[PDB]
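What follows is a set of notes on a single structure, which appears directly below.
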Protein chains: 2
Amino acid sequence: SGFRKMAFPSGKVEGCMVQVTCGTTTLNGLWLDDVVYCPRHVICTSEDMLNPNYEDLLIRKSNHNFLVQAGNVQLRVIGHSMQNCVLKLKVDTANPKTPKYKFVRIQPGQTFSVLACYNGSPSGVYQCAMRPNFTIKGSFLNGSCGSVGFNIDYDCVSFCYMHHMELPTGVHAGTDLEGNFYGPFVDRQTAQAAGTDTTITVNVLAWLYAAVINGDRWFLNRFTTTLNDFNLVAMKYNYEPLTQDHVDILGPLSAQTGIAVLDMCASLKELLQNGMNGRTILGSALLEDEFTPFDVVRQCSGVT
Amino acid sequence: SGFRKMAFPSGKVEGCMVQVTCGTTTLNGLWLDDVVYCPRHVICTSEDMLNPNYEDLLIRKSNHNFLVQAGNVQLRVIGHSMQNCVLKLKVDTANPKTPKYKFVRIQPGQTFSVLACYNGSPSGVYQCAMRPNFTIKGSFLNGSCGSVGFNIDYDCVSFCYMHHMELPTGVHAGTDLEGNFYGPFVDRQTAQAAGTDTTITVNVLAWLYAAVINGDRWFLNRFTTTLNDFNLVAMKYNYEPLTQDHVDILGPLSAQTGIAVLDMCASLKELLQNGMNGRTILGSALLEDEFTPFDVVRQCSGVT
Ligand SMILES: Cc1ccncc1NC(=O)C1(c2cccc(Cl)c2)CC(=O)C1
Ligand SMILES: Cc1ccncc1NC(=O)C1(c2cccc(Cl)c2)CC(=O)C1
């Protein structure tokens, strides 16, 4: 009973958080095995961020300029390299708390947990999604850079995000763990605007299935629709077009509830056209799109 | 930038989760030092839950009947006692991962994180609040009993909740770590109804302050009100009466934003009377009441 925006337990990631300082700049790093990963803008001053030439700024840095502190102990830096927008600092000690891990580059619409950190110390954990415009709506302040996003499959942590910057609109941009930005963003203090923040339709449908499973059924109607008809409505409301791949992923939720995917689409169509009329679904007064079909199955089954 | 429903990092609590089995019943326990805490209904069968006499059911249980497994290793049970609605199982090994901890009994309106577990294994973490009717709106399935709620002050974990049951309405009831239920609930499979779920006014005001800090300012108006005038409106909308104690706790948010508490009350009054008119505040289409003033200060300052 009940349905909450749930994050993965963060212990495995907390054991990886370190502080990296280079000059006067301090941010977070991720220590896995004998490598510390962090945003390359750790080498920049505030003046440097306007138009940084990272290769040139890195020439003036040596291993001893990167101060890496794990809790209260100093790690010895024996190598450093830049991979895209991340720095990889080779340290002389493998992290004893390194979990089983993978680096994955996620797709827009996919959700993950973020362990927000400051000075190598965790402050909180929350769940969010890679928006279709490749931004994330997080909660990050100055010093949170290097905080990571991840998913967990039993014992394996799949790292998918490293926080780099806030856009002038207060939305967030970052990279995968190979240092490649999600979307078109660059690690420079230049105004970069985000595209249309469309709604992740397959996630809204999954959340409607979670609502039915939990007793919120008022929105179920006597209608059905087709993918093409549904998609005309989706376009009108800045919703992602629904494909047969999305219908397929909703199959287990359709099977569990006995509500055909296209019938749930017709319920969603009426909600788009008519609004909620002052009513709520799973305690929300808007259509939630940051639960994937996998998240709904996981939460509704009790996977650990 | 950004404001999210953030839970505390759960690592310190994950290191305390164990599985307790008694007969055919398995639930979660909390292992701190050489004691494992768990709901006393672990000794019950499904037949026993209709009208259990816990003292009598406990006479037929010995130390060896409580199977406690920490990850994949068995703990030796050398003592057992019942304190209110919890069992305390003395084990022969102190938990090496025991964090600095306290047991606190929270007040309605206070928020905390829950580490939902199944079979001693963490599945997720979410933030919630003790409702004014002493229920919590969680996400718990069969086997989640013994999952705990907590807050963290730097290195000290303050345990405040242990999950025991779901009401027939899908809301949740549990105890503090001394085994005393929050509210009037009893650990028995008898239909128990929850009282009025009123809105935590001081939390809604704190969340309005977080909204102003983050740029969502449309709801600020040219009005002010008094505590008594505000409270007539609060009563009409099933909001908790606001007291001078609540105004005092909002002082730092008032000081940071320059918006007097009673002016924020007048903005809240207009939102109650007029609704949001299809608009959102911090991505929500309703007034959020599960952030305390302390949570807002903490999140907006970056406390680790
Ligand atoms: C202030 C803040 C809040 C939330 N999330 C991140 C930041 N930091 C930034 O955005 C900064 C930055 C500026 C341009 C490019 C890049 Cl890569 C980084 C300005 C710094 O200091 C780093
Ligand atoms: C099924 C579920 C979902 C979420 N949270 C808890 C539960 N479990 C219960 O409520 C059960 C129960 C019943 C009456 C009293 C008490 Cl103390 C416990 C029925 C069990 O099995 C334990």
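Naming: A, B, ... by sequence-line order, numbering from 1 per chain. Worth knowing before you read on, the calculation uses all heavy atoms, side chains too, and leaves out hydrogens, waters and symmetry mates. Whatever order the structure lists ligands and atoms in, that order sets their numbers, starting from 1.
In the model, B:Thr135 has a side-chain atom that pairs as donor or acceptor with a side-chain atom of B:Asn133 under 3.5 Å. Side chain to side chain, B:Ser139 and A:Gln299 meet the donor-acceptor criterion of an N or O pair below 3.5 Å. In the model, A:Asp295 has a side-chain atom that pairs as donor or acceptor with a side-chain atom of A:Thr111 under 3.5 Å.
Protein heavy atoms all stay at least 4.0 Å away from atom 11 (C) of ligand 1. By the definition of a contact as any protein heavy atom under 4.0 Å away, atom 19 (C) of ligand 2 is not in contact.
Here is the list of ligand 1 atoms found below 4.0 Å of a heavy atom in A:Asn142: 1 (C), 2 (C), 3 (C), 20 (C), 21 (O). Atoms of ligand 1 found under 4.0 Å from any heavy atom of A:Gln189 (numbered from 1 in listed order, with element): 14 (C), 15 (C). Taking every non-hydrogen atom of B:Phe140 and a distance limit under 4.0 Å, the qualifying atoms of ligand 2 come out as 3 (C), 4 (C), 5 (N). Atoms of ligand 1 found under 4.0 Å from any heavy atom of A:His164 (numbered from 1 in listed order, with element): 16 (C), 17 (Cl), 18 (C).
Aromatic ring centroids of A:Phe103 and A:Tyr37 lie under 6.0 Å apart.
Only the side chain of A:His41 comes within 4.0 Å of ligand 1, counting heavy atoms alone; its backbone N, CA, C and O stay farther away. By the criterion of a heavy-atom distance under 4.0 Å, the side chain of A:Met49, and not its backbone, is placed next to ligand 1. For B:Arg188, every heavy-atom contact with ligand 2 shorter than 4.0 Å involves the backbone, none the side chain. Residue contacts with ligand 1, taken as heavy atom pairs separated by less than 4.0 Å, involve A:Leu141 solely via the backbone atoms N, CA, C and O.
For atom 8 (N) of ligand 2, the nearest non-hydrogen atom from the set B:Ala173, B:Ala116, B:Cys145 belongs to B:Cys145. When the heavy-atom distances from atom 5 (N) of ligand 1 to A:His172, A:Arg40, A:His163 are ranked, the shortest goes to A:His163.
B:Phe140 and B:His163 have parallel rings, their planes meeting at less than 30° on a 0 to 90° scale where 60° marks the start of perpendicular.
With hydrogens and angles disregarded, no donor-acceptor distance shorter than 3.5 Å links the side chain of A:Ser121 to the backbone of B:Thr304.
Between B:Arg4 and A:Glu290 there is a salt bridge, with a side-chain nitrogen of the basic residue lying less than 4.0 Å from a carboxylate oxygen of the acidic one.
With B:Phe291 as the aromatic partner, B:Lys5 meets the cation-pi criteria of under 6.0 angstrom to the ring centre and within 45 degrees of the ring axis.
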